[PDB]
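In: here are the coordinates; sequence isn't available:
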Ligand SMILES: CS(=O)(=O)NCc1ccc(Cl)cc1
């Protein structure tokens, strides 16, 4: 079926939970043996969210190459994304090592450091120009260059230096700051505006390594971001845009990381975002 009318048909019939449970039943199951090794317990935020072995990002280190991060490679859309958890106190150096080694231009953050009164990720970037950060375990230096605070999101320019080679690179930090502590946003308008700002920066384009996107677990809000982006790109590429099947795209992405889209409300919000976004594109 088309999307907008499939949408109204699920609303009128109140069957979002049944649709979402079908997706969960059909989703791929692949091994994640490296994630579960005992030496990696303090590298995982949640025991039930792990990268598959076949698609995990490897650190360029011979001691321990493990990080909780996955490469989502979308062949028809010609887009790639790295989805990862929010960094932990003992993985902030690994996080920036990955950004460096994978040649990413942008980092997309969809959570606040504190939500619901608890810490959802480490304070992993500097908040003042004159107070830079040094990650001694991976030999990197990170400096805040500029910051632009808007009503729904903040954009930061960061300098990452590889202290071993003295090479430097400019990284863009796109921080969506207004996702509610509970539920999903009422309108997709600010989330779509944010997606378009990431696109306009070049961070999603083939001349750079894959964008790094995270929330707390790296599957819920993060999944919504890449699902909406890929569906809108396919609607632009194909002769028949009504042929784009959001449930099929989501199942394809779940071949590369488990659990993408965590609730039926996030599924409905993804439909809403793609539907509204397709009208603005034209
Ligand atoms: C977590 S696991 O890797 O041990 N199991 C996944 C699995 C899926 C499907 C089949 Cl046929 C077999 C195994």
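Out: It's in. Residues are numbered from 1 along each chain as shown.

In: ok, which residues in this protein are in contact with the ligand?
Out: Applying C-beta under 6 Å from any ligand atom, we find that the chain lies next to the ligand at 29, 30, 31. Just so you know, the C-beta spots here come from the backbone N, C-alpha and C atoms, and that holds for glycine as well.

In: Mind putting those residues into CSV with secondary structure?
Out: Formatted as CSV, the residues of the chain next to the ligand follow (DSSP: H, G, I helix; E, B strand; the rest coil):
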residue, secondary structure
29, coil
30, coil
31, coil
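
In: Among the residues you listed, which one has the most neighbours?
Out: Using other C-beta atoms under 10 Å as the neighbour criterion, residue 30 leads these with 14 neighbours.

In: Just list the residues touching the residue of the stretch 151-282 of the chain at minimum distance from the ligand, thanks.
Out: Residue nearest to the ligand within the stretch 151-282 of the chain: residue 258 (9.5 Å; C-beta to the nearest ligand atom). Contacts for residue 258 (C-beta atoms under 8 Å, 6 or more residues apart in numbering) come out as 27, 28, 29, 32, 49, 50, 52, 219.

In: Which of the residues you listed are buried, as a ChimeraX select command?
Out: Buried residues within the contacts of residue 258, by 16 or more other C-beta atoms under 10 Å, are selected in ChimeraX with:
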select :32,49,50,52,219
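
In: and which of the contacts of residue 258 is nearest to the ligand?
Out: residue 29 (3.6 Å).

In: Tell me the spacing between that closest one and residue 254.
Out: Per C-beta to C-beta, to the nearest Å, residue 29 is found 10 Å from residue 254.

In: where exactly do the helices run in this protein?
Out: Taking DSSP state H as the test, the helices found in the chain are 3-13, 16-26, 92-101, 189-200, 221-237, 246-253, 264-281.

In: could those helices be laid out in JSON lines, adding distance to residue 73 and mean neighbour count?
Out: JSON lines is the format used below for the helices of the chain (distance: least, C-beta to C-beta, whole Å; neighbours: other C-beta atoms under 10 Å):
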{"stretch": "helix 3-13", "distance to residue 73": "24", "mean neighbour count": "13"}
{"stretch": "helix 16-26", "distance to residue 73": "20", "mean neighbour count": "13"}
{"stretch": "helix 92-101", "distance to residue 73": "16", "mean neighbour count": "22"}
{"stretch": "helix 189-200", "distance to residue 73": "18", "mean neighbour count": "18"}
{"stretch": "helix 221-237", "distance to residue 73": "11", "mean neighbour count": "23"}
{"stretch": "helix 246-253", "distance to residue 73": "10", "mean neighbour count": "18"}
{"stretch": "helix 264-281", "distance to residue 73": "20", "mean neighbour count": "19"}
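
In: wait, which of those is closest to residue 208?
Out: helix 92-101 (11.1 Å; C-beta to C-beta).

In: Check which helices and strands that closest one sits against.
Out: Judged by 3 or more C-beta pairs under 8 Å, 6 or more residues apart in numbering; DSSP states H and E, the packing partners of helix 92-101 are strand 66-74, strand 79-84, strand 133-135, strand 140-149, strand 153-162.

In: out of those, nearest to residue 243?
Out: Across the helices and strands packed on helix 92-101 (criterion: C-beta to C-beta), the nearest stretch is strand 66-74, sitting at 15.9 Å.

In: Just want the angle from that closest one to helix 92-101.
Out: Angle, strand 66-74 to helix 92-101, by axes from the mean of the first three to the mean of the last three C-alpha atoms, to 10 degrees: 40 degrees.

In: i'd like the first residue to be 20 from this point on
Out: All right, first residue 20 from here; so that's strand 85-93.

In: list the helices and strands strand 85-93 packs on?
Out: Packing contacts for strand 85-93, counted by 3+ C-beta pairs under 8 Å, 6+ apart, involve strand 75-77, strand 98-103, helix 111-120, helix 265-272.
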